[PDB]
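Same chain, two forms, each on its own as structure tokens: structure 1, then structure 2.
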Structure 1
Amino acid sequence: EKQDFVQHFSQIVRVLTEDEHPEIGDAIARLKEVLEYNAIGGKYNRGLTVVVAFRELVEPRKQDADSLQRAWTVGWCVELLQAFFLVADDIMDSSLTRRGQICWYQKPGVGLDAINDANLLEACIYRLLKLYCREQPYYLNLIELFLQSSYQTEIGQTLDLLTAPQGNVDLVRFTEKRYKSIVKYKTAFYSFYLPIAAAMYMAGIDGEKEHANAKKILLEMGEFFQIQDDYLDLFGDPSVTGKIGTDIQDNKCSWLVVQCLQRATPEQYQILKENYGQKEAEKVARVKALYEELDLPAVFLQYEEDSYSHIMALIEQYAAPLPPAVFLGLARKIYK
């Protein structure tokens, strides 16, 4: 699946850089330059989920070339949203690397103009949508699905940045309730509900109750997903993850820190307190030591299994009337 999807990327790029009012040529050359560098190099879990869900939802007889194309197009739309969020996330998180290369905003000659660059990527989604699905009866729903999903993420992000003030030890606020809402808004909606709900709308399924049912499954899925992203932030092979963790020095409200706090003694708390949210490398090293002390990696592992089962029950409880494989597929690719 992955490869046919990626090969359609040359069509996306050329269409978005088509127009050539040559007054804007330099600007378009820069856009393509932004697309190449930030859309390529990920797993495509989101773009791929749109394509694959579409195939499993639309009558095969009804999968003409045209409609097939609108599907990976809307798939590259979810990847553009991803790219937009990442370029700006890496700046606000002050990241060094992403997807095995330096962050776009760390490239010599880019810096904070990457803010505009990210906005362009956001703009491209809507450019593609009008360019391929304008005469379709789901046009508004897709557009509306991307707008609201963007808002929900911005809100989650706001939550995030709010719970991790810089220069401020924020231990008190790392609760579970809090973590659950952050993750729901900043990751789950756009990474799990969005690409599937887009396939649904494309397959003519726009009922409110089906979408809610899929949502019930997809959100909880998305939560587990972020919890994995957190574990991997600290406990993962960068060469594999293509980026380096910052949550700790960024005083983030991670699943990890939320777990340490629920298992630590006063003596451990204070270690945590004088050590979390600081740039000092050994201070960061101190916290990981706590976590490893507290057996959190086994705990995470225990979670993955407890979680995998819950979602499974969920798919059981709510997949209908969609082919269960729509979700199983997702769960399989994000269950390691």
Structure 2
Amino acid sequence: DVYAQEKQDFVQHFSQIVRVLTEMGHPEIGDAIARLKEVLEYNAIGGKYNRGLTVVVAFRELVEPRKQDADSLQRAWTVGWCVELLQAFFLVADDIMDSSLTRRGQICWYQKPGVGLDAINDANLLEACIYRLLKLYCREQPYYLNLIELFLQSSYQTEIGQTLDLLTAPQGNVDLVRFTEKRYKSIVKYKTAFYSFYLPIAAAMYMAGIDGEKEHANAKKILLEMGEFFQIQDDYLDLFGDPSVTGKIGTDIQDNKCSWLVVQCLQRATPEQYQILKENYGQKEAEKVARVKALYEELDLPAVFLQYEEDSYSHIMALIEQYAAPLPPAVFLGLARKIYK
């Protein structure tokens, strides 16, 4: 299991990441750096690390082993951690915006006592640490500027998607008319697919000298289609998954979210079916949640998902056959096997 082999060394490298981001020439800022230590430890640790590890795995698959020295690996781990800090920045902030209670089975940072909206500044420091790391480890490298720009573009794309999400589903203002498929695909593309699929692979490519605009265009065609499928999967499993399988528990309906399900549900309705969803979707009560689930069931939406999963598997295989070269197909396929739940 190629990801499980690399994990040990990756998660150990965190010690050094934090040591270096807090390494004492200016004793005056001690107290803020301490706080920075605390923010990293609480927010970068505890996930599965899929995105970060994809950098280290791709790097191994993309570089000639002759050219995989100790330095090269330190940089790969670091850039991997950069991806993880990006995620930490987004999540700290999104949890504030969504009024979330927990994240990874523990209290969101901003809910922790004495933190509150100070978390906004903490999220910003998380983003800042990316560019500090890139500079400490990669300034002298020929791909240095490509990475800076790739992280920046990835932040912008994610923010644009978050904006589009916030527009599509305002807390307190339940409206289903703007839960369209065109709109769903866009949110997923910008809000998750880009930084979760494209970014880690693309960081790997750059680090191995692969900076062709055509090569990157091709990786991206594949990786976006992948990330779309994997988000639709999570939406499905949110409801119809056993929570032993998932790890979450499915609040998408109480939270009035733009899930793939409710979208597809919306397309397959006599006018009278809409009124039941208007009535039930978003409410605290549990009997209400049940009537929504029963509804999606009586529209054989599993059958619709199953069909989507077939077609999607076929298309992605085709893409990989057509556009992976000159990359090894196992960079894409290994990712798919790792994220499939």
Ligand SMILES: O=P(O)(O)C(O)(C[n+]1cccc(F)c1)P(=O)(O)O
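Numbers given to residues start at 1 and step along the sequence of structure 1. The term rigid core refers to the most C-alpha atoms you can superpose between the two forms while keeping them within 1.5 Å.
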(message) Tell me which of the two structures is the form solved in complex with the ligand, please.
(response) 1
(request) Looking at the change between the two structures, work out which of 218, 256, 287, 78 is at the hinge joining the two rigid parts. (result) 218
(message) Let me make sure I follow: superposing on C-alpha atoms, what angle in degrees does the smaller rigid part rotate through relative to the larger between the two structures?
(response) 17
(message) If I align on the rigid core, how far apart are the two C-alpha positions of residue 283 between the two structures? Answer in Å.
(response) 4.6
(request) Check the Cα of residue 201 between the two structures on a core superposition and give its shift in Å. (result) 0.2
(request) Give the C-alpha shift of residue 222 between the two structures, in Å, after superposing the two forms on their rigid core. (result) 1.0
